[PDB]
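K.L.:
Structure: coords_31.cif, mmCIF, N, CA and C atoms.
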data_model
#
loop_
_atom_site.label_atom_id
_atom_site.label_comp_id
_atom_site.auth_asym_id
_atom_site.auth_seq_id
_atom_site.Cartn_x
_atom_site.Cartn_y
_atom_site.Cartn_z
N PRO A 347 -89.60 42.64 -30.56
CA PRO A 347 -89.71 43.36 -29.29
C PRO A 347 -89.23 42.53 -28.12
N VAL A 348 -88.62 43.21 -27.15
CA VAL A 348 -88.24 42.57 -25.89
C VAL A 348 -89.43 42.74 -24.95
N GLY A 349 -90.41 41.87 -25.12
CA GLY A 349 -91.62 41.98 -24.33
C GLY A 349 -92.27 43.34 -24.49
N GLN A 350 -92.98 43.77 -23.46
CA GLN A 350 -93.47 45.13 -23.36
C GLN A 350 -92.55 45.89 -22.41
N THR A 351 -91.36 46.21 -22.89
CA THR A 351 -90.40 46.97 -22.11
C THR A 351 -89.89 48.19 -22.84
N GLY A 352 -90.54 48.58 -23.93
CA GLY A 352 -90.12 49.74 -24.67
C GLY A 352 -88.78 49.58 -25.35
N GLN A 353 -88.29 48.36 -25.49
CA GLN A 353 -87.09 48.08 -26.24
C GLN A 353 -87.47 47.29 -27.47
N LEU A 354 -86.56 47.25 -28.43
CA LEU A 354 -86.94 46.80 -29.76
C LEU A 354 -85.66 46.34 -30.44
N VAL A 355 -85.50 45.03 -30.60
CA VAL A 355 -84.31 44.47 -31.21
C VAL A 355 -84.59 44.30 -32.68
N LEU A 356 -83.95 45.13 -33.49
CA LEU A 356 -84.18 45.19 -34.92
C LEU A 356 -82.88 44.88 -35.64
N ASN A 357 -82.98 44.08 -36.70
CA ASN A 357 -81.88 43.23 -37.13
C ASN A 357 -81.91 43.12 -38.66
N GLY A 358 -81.12 43.93 -39.35
CA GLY A 358 -81.11 43.90 -40.80
C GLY A 358 -79.81 44.45 -41.35
N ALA A 359 -79.73 44.50 -42.68
CA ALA A 359 -78.53 44.98 -43.35
C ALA A 359 -78.18 46.38 -42.89
N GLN A 360 -76.92 46.77 -43.04
CA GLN A 360 -76.52 48.05 -42.47
C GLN A 360 -77.07 49.24 -43.26
N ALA A 361 -77.33 49.07 -44.55
CA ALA A 361 -77.96 50.15 -45.30
C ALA A 361 -79.35 50.45 -44.76
N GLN A 362 -80.18 49.41 -44.65
CA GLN A 362 -81.49 49.58 -44.03
C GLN A 362 -81.36 50.12 -42.62
N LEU A 363 -80.28 49.75 -41.94
CA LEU A 363 -80.19 50.06 -40.53
C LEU A 363 -79.91 51.53 -40.31
N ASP A 364 -78.99 52.10 -41.09
CA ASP A 364 -78.68 53.52 -40.95
C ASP A 364 -79.69 54.41 -41.64
N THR A 365 -80.65 53.84 -42.36
CA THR A 365 -81.76 54.62 -42.89
C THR A 365 -82.92 54.63 -41.90
N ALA A 366 -83.29 53.47 -41.38
CA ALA A 366 -84.38 53.41 -40.42
C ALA A 366 -84.06 54.19 -39.16
N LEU A 367 -82.79 54.24 -38.77
CA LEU A 367 -82.45 54.99 -37.57
C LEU A 367 -82.54 56.49 -37.81
N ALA A 368 -82.35 56.93 -39.05
CA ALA A 368 -82.48 58.36 -39.33
C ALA A 368 -83.95 58.77 -39.39
N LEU A 369 -84.80 57.91 -39.95
CA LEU A 369 -86.23 58.19 -39.93
C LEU A 369 -86.75 58.19 -38.50
N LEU A 370 -86.45 57.14 -37.75
CA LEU A 370 -86.96 57.06 -36.38
C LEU A 370 -86.47 58.22 -35.55
N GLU A 371 -85.34 58.80 -35.91
CA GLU A 371 -84.89 59.99 -35.20
C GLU A 371 -85.82 61.16 -35.46
N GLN A 372 -86.59 61.12 -36.55
CA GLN A 372 -87.42 62.26 -36.92
C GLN A 372 -88.85 62.11 -36.42
N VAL A 373 -89.46 60.95 -36.62
CA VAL A 373 -90.88 60.79 -36.39
C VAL A 373 -91.17 60.14 -35.05
N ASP A 374 -90.24 60.19 -34.10
CA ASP A 374 -90.40 59.50 -32.83
C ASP A 374 -90.02 60.42 -31.70
N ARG A 375 -91.01 60.91 -30.97
CA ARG A 375 -90.80 61.79 -29.83
C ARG A 375 -91.78 61.40 -28.73
N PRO A 376 -91.47 61.74 -27.48
CA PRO A 376 -92.35 61.33 -26.39
C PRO A 376 -93.74 61.95 -26.51
N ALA A 377 -94.72 61.24 -25.97
CA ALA A 377 -96.10 61.68 -26.07
C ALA A 377 -96.32 62.96 -25.27
N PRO A 378 -97.36 63.72 -25.59
CA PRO A 378 -97.69 64.90 -24.79
C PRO A 378 -98.41 64.51 -23.50
N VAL A 379 -98.42 65.45 -22.57
CA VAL A 379 -99.00 65.24 -21.25
C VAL A 379 -100.38 65.88 -21.19
N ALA A 380 -101.29 65.23 -20.47
CA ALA A 380 -102.58 65.83 -20.18
C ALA A 380 -102.39 67.02 -19.24
N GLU A 381 -103.31 67.98 -19.32
CA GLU A 381 -103.08 69.22 -18.59
C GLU A 381 -103.46 69.08 -17.12
N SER A 382 -104.76 69.01 -16.83
CA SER A 382 -105.32 68.57 -15.56
C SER A 382 -106.82 68.75 -15.64
N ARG A 383 -107.57 68.05 -14.79
CA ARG A 383 -109.01 68.22 -14.77
C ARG A 383 -109.47 69.03 -13.57
N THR A 384 -108.55 69.71 -12.89
CA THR A 384 -108.86 70.41 -11.66
C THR A 384 -107.79 71.46 -11.40
N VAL A 385 -108.21 72.68 -11.07
CA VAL A 385 -107.29 73.76 -10.77
C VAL A 385 -107.81 74.50 -9.55
N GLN A 386 -106.91 75.24 -8.89
CA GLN A 386 -107.24 76.02 -7.71
C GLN A 386 -106.81 77.47 -7.91
N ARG A 387 -107.62 78.39 -7.40
CA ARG A 387 -107.25 79.79 -7.29
C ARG A 387 -107.61 80.28 -5.90
N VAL A 388 -106.79 81.18 -5.36
CA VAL A 388 -106.99 81.74 -4.04
C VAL A 388 -107.14 83.25 -4.19
N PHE A 389 -108.21 83.79 -3.63
CA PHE A 389 -108.49 85.22 -3.69
C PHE A 389 -108.46 85.78 -2.28
N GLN A 390 -107.62 86.78 -2.06
CA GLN A 390 -107.55 87.48 -0.79
C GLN A 390 -108.46 88.70 -0.88
N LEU A 391 -109.66 88.58 -0.33
CA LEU A 391 -110.63 89.66 -0.40
C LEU A 391 -110.20 90.82 0.48
N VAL A 392 -110.51 92.03 0.03
CA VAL A 392 -110.10 93.25 0.70
C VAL A 392 -111.28 93.99 1.32
N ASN A 393 -112.40 94.07 0.60
CA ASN A 393 -113.55 94.84 1.05
C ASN A 393 -114.72 93.99 1.50
N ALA A 394 -114.95 92.85 0.86
CA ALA A 394 -116.07 91.98 1.18
C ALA A 394 -115.66 90.95 2.23
N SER A 395 -116.63 90.15 2.65
CA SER A 395 -116.42 89.07 3.60
C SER A 395 -116.41 87.75 2.84
N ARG B 297 -73.53 1.40 -64.29
CA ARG B 297 -74.81 1.98 -63.92
C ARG B 297 -75.39 1.37 -62.65
N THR B 298 -74.82 0.29 -62.13
CA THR B 298 -75.27 -0.31 -60.89
C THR B 298 -74.28 -0.14 -59.75
N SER B 299 -72.98 -0.23 -60.03
CA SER B 299 -71.98 -0.04 -58.98
C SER B 299 -72.06 1.36 -58.39
N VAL B 300 -72.55 2.33 -59.17
CA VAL B 300 -72.73 3.68 -58.65
C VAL B 300 -73.75 3.69 -57.52
N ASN B 301 -74.92 3.09 -57.77
CA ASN B 301 -75.98 3.09 -56.77
C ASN B 301 -75.51 2.44 -55.48
N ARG B 302 -74.74 1.37 -55.59
CA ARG B 302 -74.20 0.70 -54.42
C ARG B 302 -73.11 1.53 -53.76
N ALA B 303 -72.37 2.31 -54.55
CA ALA B 303 -71.34 3.18 -53.98
C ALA B 303 -71.97 4.33 -53.21
N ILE B 304 -73.06 4.89 -53.73
CA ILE B 304 -73.68 6.05 -53.09
C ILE B 304 -74.26 5.68 -51.74
N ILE B 305 -75.02 4.59 -51.68
CA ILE B 305 -75.63 4.17 -50.42
C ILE B 305 -74.56 3.91 -49.37
N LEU B 306 -73.50 3.21 -49.76
CA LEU B 306 -72.38 3.02 -48.84
C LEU B 306 -71.68 4.33 -48.51
N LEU B 307 -71.53 5.22 -49.49
CA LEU B 307 -70.77 6.44 -49.26
C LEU B 307 -71.44 7.35 -48.24
N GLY B 308 -72.77 7.29 -48.12
CA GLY B 308 -73.44 8.05 -47.09
C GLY B 308 -73.00 7.66 -45.69
N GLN B 309 -72.84 6.36 -45.45
CA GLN B 309 -72.40 5.89 -44.14
C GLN B 309 -70.96 6.31 -43.86
N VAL B 310 -70.05 6.06 -44.81
CA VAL B 310 -68.64 6.30 -44.56
C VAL B 310 -68.36 7.78 -44.40
N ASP B 311 -69.08 8.62 -45.13
CA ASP B 311 -68.84 10.06 -45.12
C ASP B 311 -69.93 10.74 -44.30
N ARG B 312 -69.55 11.32 -43.16
CA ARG B 312 -70.46 12.06 -42.31
C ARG B 312 -69.83 13.39 -41.90
N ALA B 313 -70.69 14.39 -41.71
CA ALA B 313 -70.26 15.72 -41.30
C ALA B 313 -69.87 15.72 -39.83
N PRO B 314 -68.93 16.58 -39.44
CA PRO B 314 -68.57 16.67 -38.02
C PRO B 314 -69.77 17.08 -37.18
N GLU B 315 -69.84 16.53 -35.98
CA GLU B 315 -70.98 16.79 -35.11
C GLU B 315 -70.73 17.99 -34.22
N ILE B 316 -71.82 18.56 -33.73
CA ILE B 316 -71.82 19.81 -32.98
C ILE B 316 -72.07 19.49 -31.52
N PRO B 317 -71.11 19.71 -30.63
CA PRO B 317 -71.31 19.35 -29.22
C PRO B 317 -72.22 20.31 -28.48
N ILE B 318 -73.53 20.06 -28.54
CA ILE B 318 -74.54 20.84 -27.83
C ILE B 318 -74.17 21.02 -26.36
N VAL B 319 -74.13 22.27 -25.91
CA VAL B 319 -73.75 22.61 -24.54
C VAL B 319 -74.98 23.12 -23.81
N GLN B 320 -74.97 22.98 -22.49
CA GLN B 320 -76.09 23.33 -21.64
C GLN B 320 -75.69 24.40 -20.65
N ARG B 321 -76.52 25.42 -20.51
CA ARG B 321 -76.34 26.42 -19.47
C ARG B 321 -77.69 26.82 -18.91
N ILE B 322 -77.68 27.28 -17.67
CA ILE B 322 -78.88 27.64 -16.93
C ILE B 322 -78.90 29.15 -16.79
N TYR B 323 -79.99 29.77 -17.20
CA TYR B 323 -80.13 31.21 -17.14
C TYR B 323 -81.18 31.57 -16.10
N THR B 324 -80.89 32.58 -15.29
CA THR B 324 -81.77 33.02 -14.21
C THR B 324 -82.38 34.35 -14.63
N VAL B 325 -83.56 34.28 -15.25
CA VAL B 325 -84.13 35.45 -15.89
C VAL B 325 -84.46 36.53 -14.86
N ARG B 326 -84.09 37.77 -15.19
CA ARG B 326 -84.43 38.95 -14.40
C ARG B 326 -85.45 39.75 -15.21
N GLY B 327 -86.64 39.92 -14.66
CA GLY B 327 -87.71 40.50 -15.44
C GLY B 327 -88.73 39.43 -15.71
N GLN B 328 -89.56 39.60 -16.73
CA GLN B 328 -90.49 38.54 -17.05
C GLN B 328 -89.74 37.37 -17.65
N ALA B 329 -90.37 36.20 -17.62
CA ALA B 329 -89.80 35.03 -18.26
C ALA B 329 -90.59 34.59 -19.47
N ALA B 330 -91.84 35.03 -19.59
CA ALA B 330 -92.60 34.75 -20.80
C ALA B 330 -92.07 35.56 -21.98
N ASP B 331 -91.67 36.80 -21.73
CA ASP B 331 -91.21 37.65 -22.82
C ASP B 331 -89.81 37.27 -23.27
N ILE B 332 -88.97 36.83 -22.34
CA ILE B 332 -87.61 36.47 -22.71
C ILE B 332 -87.57 35.05 -23.26
N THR B 333 -88.63 34.28 -23.07
CA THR B 333 -88.74 33.03 -23.81
C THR B 333 -89.15 33.30 -25.25
N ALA B 334 -90.10 34.21 -25.45
CA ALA B 334 -90.52 34.54 -26.81
C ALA B 334 -89.40 35.22 -27.58
N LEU B 335 -88.60 36.04 -26.90
CA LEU B 335 -87.46 36.66 -27.56
C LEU B 335 -86.50 35.60 -28.08
N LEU B 336 -86.09 34.67 -27.22
CA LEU B 336 -85.16 33.63 -27.64
C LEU B 336 -85.80 32.61 -28.55
N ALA B 337 -87.05 32.81 -28.96
CA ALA B 337 -87.69 31.94 -29.93
C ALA B 337 -87.99 32.64 -31.24
N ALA B 338 -87.70 33.94 -31.34
CA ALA B 338 -87.82 34.70 -32.58
C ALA B 338 -86.45 35.16 -33.06
N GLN B 339 -85.58 35.51 -32.12
CA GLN B 339 -84.15 35.60 -32.32
C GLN B 339 -83.69 34.16 -32.35
N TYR B 340 -82.44 33.88 -31.97
CA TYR B 340 -81.81 32.59 -32.19
C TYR B 340 -82.84 31.48 -32.02
N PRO B 341 -83.26 30.85 -33.11
CA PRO B 341 -84.49 30.05 -33.11
C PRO B 341 -84.30 28.56 -32.93
N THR B 342 -83.06 28.09 -32.85
CA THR B 342 -82.76 26.72 -32.49
C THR B 342 -81.84 26.77 -31.28
N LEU B 343 -82.44 26.92 -30.10
CA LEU B 343 -81.70 26.97 -28.86
C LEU B 343 -82.25 26.05 -27.80
N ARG B 344 -83.49 25.58 -27.93
CA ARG B 344 -84.09 24.66 -26.98
C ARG B 344 -84.09 25.26 -25.57
N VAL B 345 -84.88 26.32 -25.45
CA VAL B 345 -85.07 27.00 -24.18
C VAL B 345 -86.19 26.28 -23.43
N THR B 346 -85.85 25.70 -22.29
CA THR B 346 -86.79 24.94 -21.49
C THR B 346 -86.91 25.56 -20.11
#
Rewrite the structure of this file - the entire thing - as C-alpha cells.

P.N.:
Amino acid sequence: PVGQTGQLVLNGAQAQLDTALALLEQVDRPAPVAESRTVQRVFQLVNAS
Amino acid sequence: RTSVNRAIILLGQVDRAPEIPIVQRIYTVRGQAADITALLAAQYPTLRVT
C-alpha cells in the first residue's frame, strides 16, 4: 500500500496480474451511503390554524 | 593438493567483481513522508532512504 491513500502497488507475474484484476473488477464497488437521521415535511394547512 | 589452497586464497584478491557507483539524489516528498518511507522500504529494499 501507498500509505493510507487508497492506492495499492501490487507486483507479480502477468498471469496472476490479469486474473486478480478481473476478480477485483467484480467484487470491488464503492460503499453505500447512509440515508439520513433527520427529514423535513411542510404542510400548507387549508382549514385549520 | 596444497598449491590449490594457496592459489584460491590469492585468486580471491586478484579477481574481483566490478563495483557499483552508488549515486545520491534528494527527494522532496509531497504528501506524507512516513508512508513514502515505508513504501521505499518494501518496494526497492536496498536504497538507503535517509

K.L.:
Between B:337, B:345, B:332, B:304, which residue has the minimum interatomic distance to chain A, considering all atoms listed in the file?

P.N.:
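Smallest distance to chain A is found for B:332.
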
K.L.:
As JSON, numbers by chain, could you give me every residue of chain B near chain A (at most 7 Å apart, counting all atoms listed in the file)?

P.N.:
{"B": [330, 331, 332, 335]}

K.L.:
When you draw a straight line from atom CA of residue 362 of chain A to atom C of residue 376 of chain A, how long is it in Å?

P.N.:
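Computing the Euclidean distance for atom CA of residue 362 of chain A and atom C of residue 376 of chain A yields 24.7 Å.
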
K.L.:
On this structure, which residues satisfy the PyMOL selection byres (((chain B and resi 346 and name CA) around 10) and name CA), written as an NGL selection string?

P.N.:
:B and (322 or 333 or 343-345)

K.L.:
Would you mind reading off the distance between atom C of residue 366 of chain A and atom N of residue 327 of chain B, one decimal, in Å?

P.N.:
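So the two atoms, atom C of residue 366 of chain A and atom N of residue 327 of chain B, lie 28.5 Å apart.
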
K.L.:
Pull the alpha helix (DSSP H) assignments for chain A out of DSSP run on the backbone, and list those residues as a PyMOL selection string.

P.N.:
chain A and resi 360-370

K.L.:
Would you compute the distance between atom CA of residue 340 of chain B and atom CA of residue 367 of chain A? Give it in Å to one decimal.

P.N.:
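Those two atoms sit 23.0 Å apart.
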
K.L.:
Enclose the full set of atoms of segment 313-321 of chain B listed in the file within a box whose edges lie along x, y and z, apply 8 Å of padding to each of the six sides, and report centre and edge lengths in Å to one decimal as JSON.

P.N.:
{"center_x": -73.1, "center_y": 20.6, "center_z": -30.3, "size_x": 25.1, "size_y": 28.4, "size_z": 38.8}
